[PDB]
Amino acid sequence: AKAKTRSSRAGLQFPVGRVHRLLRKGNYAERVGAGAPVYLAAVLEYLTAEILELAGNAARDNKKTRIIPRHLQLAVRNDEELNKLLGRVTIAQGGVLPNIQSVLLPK
Amino acid sequence: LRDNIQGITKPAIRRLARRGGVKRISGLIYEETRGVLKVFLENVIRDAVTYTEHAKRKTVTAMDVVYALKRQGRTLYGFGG
Amino acid sequence: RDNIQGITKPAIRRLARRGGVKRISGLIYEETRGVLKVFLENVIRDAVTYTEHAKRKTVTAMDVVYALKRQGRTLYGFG
Amino acid sequence: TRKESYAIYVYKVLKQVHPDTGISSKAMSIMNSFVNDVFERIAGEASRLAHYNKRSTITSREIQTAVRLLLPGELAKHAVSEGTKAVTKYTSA
Amino acid sequence: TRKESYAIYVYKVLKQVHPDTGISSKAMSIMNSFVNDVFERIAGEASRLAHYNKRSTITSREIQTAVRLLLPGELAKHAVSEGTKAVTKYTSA
Amino acid sequence: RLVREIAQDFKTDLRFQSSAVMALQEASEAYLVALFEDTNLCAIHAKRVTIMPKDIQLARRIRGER
Amino acid sequence: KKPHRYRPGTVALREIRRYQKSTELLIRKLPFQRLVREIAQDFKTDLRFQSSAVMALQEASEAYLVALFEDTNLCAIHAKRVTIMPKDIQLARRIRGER
DNA sequence: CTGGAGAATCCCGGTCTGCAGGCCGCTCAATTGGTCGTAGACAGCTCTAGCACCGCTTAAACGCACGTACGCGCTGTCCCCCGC
DNA sequence: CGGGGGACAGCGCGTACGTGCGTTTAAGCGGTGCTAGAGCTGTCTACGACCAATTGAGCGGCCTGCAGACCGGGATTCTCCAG
């Protein structure tokens, strides 16, 4: 029969075959299970969808049609759980959250 | 290459602090900032050069800098991955 | 059921003293209770995760060791 | 020579969720690096899990356990749901 | 069954440095934990280095680089000296 | 008892090795002592000898826990 | 016939707003490269550098400095002050674990 | 309170341009099918420790009285950092 | 370089702390008892490694029109002050 990609078999956008190859080549274990690459690809796809959705929301809020590192940083930092996950990550050209302490406000 | 740490001018540190949310700044801060930055740069560059030498290379790549930053618990995205 | 109140103020005072604290406000104790509770959840969740993945019903010290290690808090003297 | 990345799949997902949104090259590389980092985290945790249990295989159960350990709360739950759904679909088909 | 450790070797080292000092069980348990921690750190860093240069073999050069990266200053220098001397002695022997 | 009570919102009927409990106590006490010392430094920086919970909050915030 | 000068601090707030929205580097590139090469001189001579590397160091250093400044601001405010003192930086670095 | 004044910022056309994204040829990595070896899934056995209980004992926690020093508010001074 | 406003020193206070004594409690210890469950063992079977052949998905190279950047000039807002 004709070749059918495992990504299509599981209905995912990410390359399950490449994931399995990387798993085998990463010296992570002697043998790699059949469904583990599928699980990992699904998880990566879901996380990518989450971050991309938030970044697109931010970019539309800024009224631009392309996502730039600034939008990525805003999306990551504004989300509690994403910021928790990427707590130790530096985003190039990400800028900072526009936060100002109240005591320095002019009174 | 001597006396380059003075290259980080006071307005530069001022801008850095303003991005850091600092409103009023003491005058005896800048040299302390320069010393801390020198320490950080030395710590990173040591490991970067170690990586470059282990590869028997003569130029330092950004990817070496990526590994050095990762080993120090400061992960940076957008420079090769 | 209020085992968080099992952490009496003498124990908190002793820990502060070992920490080199001389004068303690009265509002401190509940703050310590809360922070300790948060720490305990963070560790115990991972410990139970490890216990379950091993398909076991009894939590072992090695599970706690792994949980602490993956949180950046390495512990010796237990394996 | 030729270098591979996750660019095409990221673009596919972007068009899936935001079909009318573009992306710059630098941001694209940022997502590539992010995916690589997550891959390494999950793989290393799974390897440690396998070694702790004296096992020769990295199965989907280990992947799920690593996901639970490395993800915060709702992210972990949704990712577990997605992985289980994808595994079930692949197994059925 | 039987579980291996580093108790005998640590005991011999202690008798070399302090031929009269005893030790408690908790202390040597901490000793074994520390030894395992250092072993894993160095081995993981060496594996990372080997994968970095696209090589299938871990040599003493990789360990030297890993030690230089993990140990601070004088400890690193002295450990490099010890490793080099031991390697040269073993090869000559 | 506190540890066992906490170990109920993840799973029920959890048995415990004693060594796990004592290791938990050791780690918790060490973390608390370190936090106390940081709090002491924070309060001293405010020209005080008495610690109040805002010192703990600032210490945990700078530590990155917050 | 007045100079029409702004009060002390409002300009600082305005530039804080300005620099908390931008993302570009705040340090001159040439002095930073010169300092980086000077520091690297002490580890190995005749060392060449990719430009992407120097940009990587600049980005990482500026991010770390911004984080340290933010922590120092909190430390100084804890002292009920408005101006940053070096003791605040020392305390912040000590608490972080760098000291 | 409250208009003016001046400076700072926003916004809307108008113009240019580098790269985002699409198209294309090719090739090597994914796929399919079949083999074979062996890891672990599973059932079964043992016996360790973890759980529960009970009775003493006594050190520790608790409550409370009491007193003082310290955190905090307030005020005046000056110097030093900011706006230019 | 002018100058204001922030840092800081000094003082009053009252109260929220520390300190000590009488009291109640529950932690700790030792003992007995039970079994759930960790741990170990034999089996085999299904699952993963491995290899040969196929091929098309993805990577490389090219090109382009438009998103976005960059001007400029009014429009609008924010702040300061004198009244």
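The residues of chain C that appear here are 24-102 by Swiss-Prot count, in order.
Going by what the header records, the deposited coordinates were determined by electron microscopy, 4.0 Å.
Using N, Cα and C of the backbone, Cβ positions are placed for all residues, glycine too.
Summarising the annotation, Swiss-Prot assigns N6-propionyllysine to C:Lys32 (among others). Within 10 Å of the Cβ of C:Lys32 (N6-propionyllysine) there are 13 other Cβ atoms, across all protein chains. In the three-state DSSP classification, C:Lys32 (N6-propionyllysine) falls within a helix.
Residues annotated as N6-glutaryllysine in Swiss-Prot, with similarity to another entry given as evidence: C:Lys32 (among others).
What Swiss-Prot lists as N6-acetyllysine is C:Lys32 (among others), and the listing cites similarity to another entry.
What Swiss-Prot lists as UFM1 cross-link is C:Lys32.
Of all Cβ atoms in the shown protein chains, 12 besides its own fall within 10 Å of the Cβ of C:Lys45 (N6-propionyllysine). Marked as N6-propionyllysine by Swiss-Prot: C:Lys45 (among others).
The secondary structure of C:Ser48 (phosphoserine), as reduced to three states from DSSP, is coil rather than helix or strand. All protein chains included, C:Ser48 (phosphoserine) registers 15 other Cβ atoms within 10 Å of its own Cβ. Feature annotation from Swiss-Prot assigns phosphoserine to C:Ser48.
Taken from Swiss-Prot, the feature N6-glutaryllysine applies to C:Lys60 (among others), supported by similarity to another entry. In the three-state DSSP scheme, C:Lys60 (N6-glutaryllysine) falls into the helix class.
What Swiss-Prot lists as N6-(2-hydroxyisobutyryl)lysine is C:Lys60 (among others). Under 8 Å, Cβ to Cβ, and six or more positions away along its own chain, C:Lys60 (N6-glutaryllysine) finds C:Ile27.
C:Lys80 (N6-butyryllysine) has a Cβ environment of 11 other Cβ atoms inside 10 Å. Among the features that Swiss-Prot reports, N6-butyryllysine is placed at C:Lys80 (among others), with the record citing similarity to another entry.
The feature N6-(2-hydroxyisobutyryl)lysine is assigned by Swiss-Prot to C:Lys92 (among others). Around C:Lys92 (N6-(2-hydroxyisobutyryl)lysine), the C-beta neighbours below 8 angstroms that are at least 6 residues distant in the chain are C:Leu98.
Taken from Swiss-Prot, the feature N6-lactoyllysine covers C:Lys92 (among others), and the record attributes it to similarity to another entry. For the recorded site, C:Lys92 (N6-(2-hydroxyisobutyryl)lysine), the DSSP three-state label reads helix.
Feature annotation from Swiss-Prot assigns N6-butyryllysine to C:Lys92 (among others).
Look at Swiss-Prot and you will find C:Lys92 (among others) tagged as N6-propionyllysine.
Annotation source Swiss-Prot lists ubiquitin cross-link at C:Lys92, citing similarity to another entry.
C:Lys32 (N6-propionyllysine) sits 14 Å from C:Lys45 (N6-propionyllysine), counting Cα to Cα. Taking only the Cα positions, the spacing between C:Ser48 (phosphoserine) and C:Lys80 (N6-butyryllysine) is 42 angstrom. Of the recorded residues, C:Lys80 (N6-butyryllysine) and C:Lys45 (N6-propionyllysine) place their C-alpha atoms 44 Å from one another. Chain F lies within reach of C:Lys45, C:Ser48, C:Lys80, taking the modified residues C:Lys32, C:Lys45, C:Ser48, C:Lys80, C:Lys92 and requiring a CB-CB distance under 8 A.
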